[PDB]
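Single chain ahead, written as structure tokens, the form deposited in one PDB entry.
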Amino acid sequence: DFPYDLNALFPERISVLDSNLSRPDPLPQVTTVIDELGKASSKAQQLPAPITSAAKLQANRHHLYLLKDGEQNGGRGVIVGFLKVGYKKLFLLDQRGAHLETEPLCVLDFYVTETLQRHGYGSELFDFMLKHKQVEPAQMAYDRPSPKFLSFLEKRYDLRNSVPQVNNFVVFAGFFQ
């Protein structure tokens, strides 16, 4: 009968949603918060339409990491941001301009509120996945990273010298070494 509060939908600080997005049926709620966050992320960037949504997540083998700050809002919790990850099949150019058919884990979407940015939240999201997915920053690819994410990557994981591509993904020297 009574609509779930944020703490019932997402008990943990970091929540890992699947293709199966997971009193009433909670899915209509979970759906909304994913679509909202998707539009927010898509609007922060100058994107035509959202690249992240409840629908899209149901179609693909991606992982969505939700970070809920439990103290905010009287202790009901608030969603500060998310990080979406999945395996794309890519033809990347190595340092000699030869295409390499590979299928790395990629950062597909990544967003924190416009305010509350430049707090430890993005770094915590990233650090979580990395341990969960058991992977290094350098061995994974990045779908059209923004200036801020490139700043983020360089200062957190020393990722600096990007190997030239043309398919709007980004990999670093260490990706091949």
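Numbering starts at 1 and runs along the sequence shown. C-alpha atoms forming the largest set that superposes within 1.5 Å between two forms make up the rigid core.
The next section is about a form of this same protein that is not shown, the form deposited in another entry.
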Threshold 2 Å Cα movement between this form and the one not shown at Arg156, rigid core reference: no
- prompt: Comparing between this form and the one not shown on the rigid core, is the C-alpha shift at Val170 2 Å or larger?
  reply: no
message: Having a change of 3 Å or more in the C-alpha distance between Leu105 and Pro11, I'd like to know whether it is closer or farther in that other deposited form than in the form here.
response: closer
message: Quick one: with a 3 Å or larger change, is the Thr113 to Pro11 CA distance smaller or larger in that other deposited form? Answer closer or farther.
response: closer
